[PDB]
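Single chain ahead, by itself, as structure tokens, in the form deposited in one PDB entry.
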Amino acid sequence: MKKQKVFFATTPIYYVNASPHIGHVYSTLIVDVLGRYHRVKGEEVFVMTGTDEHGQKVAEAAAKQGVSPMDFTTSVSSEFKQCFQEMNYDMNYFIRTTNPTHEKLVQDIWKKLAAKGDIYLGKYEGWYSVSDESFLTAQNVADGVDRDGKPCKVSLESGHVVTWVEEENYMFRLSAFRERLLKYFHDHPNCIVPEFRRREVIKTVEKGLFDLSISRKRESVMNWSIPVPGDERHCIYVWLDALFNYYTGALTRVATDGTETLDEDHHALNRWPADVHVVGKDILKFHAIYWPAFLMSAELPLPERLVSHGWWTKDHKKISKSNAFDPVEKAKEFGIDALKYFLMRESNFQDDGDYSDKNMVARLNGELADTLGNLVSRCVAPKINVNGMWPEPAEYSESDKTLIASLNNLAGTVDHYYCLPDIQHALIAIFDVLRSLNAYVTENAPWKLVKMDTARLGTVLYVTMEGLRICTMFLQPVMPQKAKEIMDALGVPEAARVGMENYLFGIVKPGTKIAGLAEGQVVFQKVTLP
């Protein structure tokens, strides 16, 4: 009576100094796809996102607009929740670091790290940037000019003003975890993807680590941060607070009235540790080195997999309102599912993808309409499927059996890619089979069979429709509205859409009614390039 661990995947929790943009939408889509695939696989799933709400920069922003920090972060937090509703994401849980359960948990974790002997009182001497919430070395700082045009120092990474600090702070003995980290990496060859970002991280740890500041003075962050337990002069640094959101989520019990309590430990909810943490390549180091070290100190199971991804450009340039890239607009223009497909198909996680209307139309026209939408039309066409039902197959030929084999072989390939995870190659493998299905319909010419060989027609349509069901089931994670549109048109019963029992050829009963497409209804239609 042992249960499988719940599938648990996370987005980063996002800063609330800006409205949701393409970066947050891409990270959340990746996680939404993984979650949806593991529900299609019939597993228990818990995927989470949320907002990173503490620190000086938020306090100064809430002052500027004369509302309380809590009021400012509630409002920006609500914009993230609204964006993720508009994008048709299925997040199980949306965390805020202002949540009392989270703020208590970070203090409990602080006490665990201290009780282990991993915290000491030291002193930072060097540069800090409120706007980056980051400590900087001398080689990452340069001359610039402040709001008043006075010569000053600036971040080479962000352009922001660099306040110099000579200040006591609590510290974490990261230097002590070098060997424990190298052995985690060595015993877990897939703990980081892509595999090369893993080699680069191993080398960073081999060069040795410095100890981390994990506090700032309460005055610095205007009391908008979690107090250090037992030393109210200091507040817990925003990154330590933020990283432990994933653990808070793993412990979070949500009653049917929406009230949230934390379990005492992770075992009963059976989510921890994460199957996948999804992050932008800029926060990879924090999740690959610092985060496991904190978890080692806290004696918690370590993450299974860290997945990093790139940043989108627009029109080979570099996104700037002055091109702009509003994914909510591009979804109104082309269709939400066509945009989700493009973002998951066009680039791998190693690369910085480039959006252009030209490449968007090439994939919508050439793959979604030409391959998938046209195959659906062919299967539910009244002139081809006269009875509007799944026919009885007759004897399969060698040709028929070659295709059935590729249908049975598809789940292994697609499951392997979704679990890697490599969503781009899952999609390529599904579309290889959708292209095969169109060639198979063409080769068999049902337009002839319908007035010549009813029995052979029954075979060709049964195989094609089963093929289409299998491919569509594996597209539900990426294009959930269009996938449902296809399953409804085909008359695939609800129970046949999800679960590993549906991963093989020959599920749907001959005599099942197809619903078809209504008169003006095309699943994907080619468009012009403007």
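Note that residue numbering follows the sequence shown and begins at 1. What we label the rigid core is the largest C-alpha set whose atoms superpose within 1.5 Å from one form to the other.
This protein has a second form, the form deposited in another entry, left out of what is shown; the following refers to that one.
- Only one of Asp337, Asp400, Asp275, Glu133 has its Cα shifted by 2 Å or more between this form and the one not shown after fitting on the core, and that residue is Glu133.
- Shown in the overlay between this form and the one not shown, fitted on the rigid core, is a CA shift at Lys57 of 2 Å or greater.
- Remark: with the core as the superposition reference, the CA shift of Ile423 between this form and the one not shown stays below 2 Å.
- Annotation for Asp265: C-alpha shift under 2 angstroms between this form and the one not shown, rigid core superposed.
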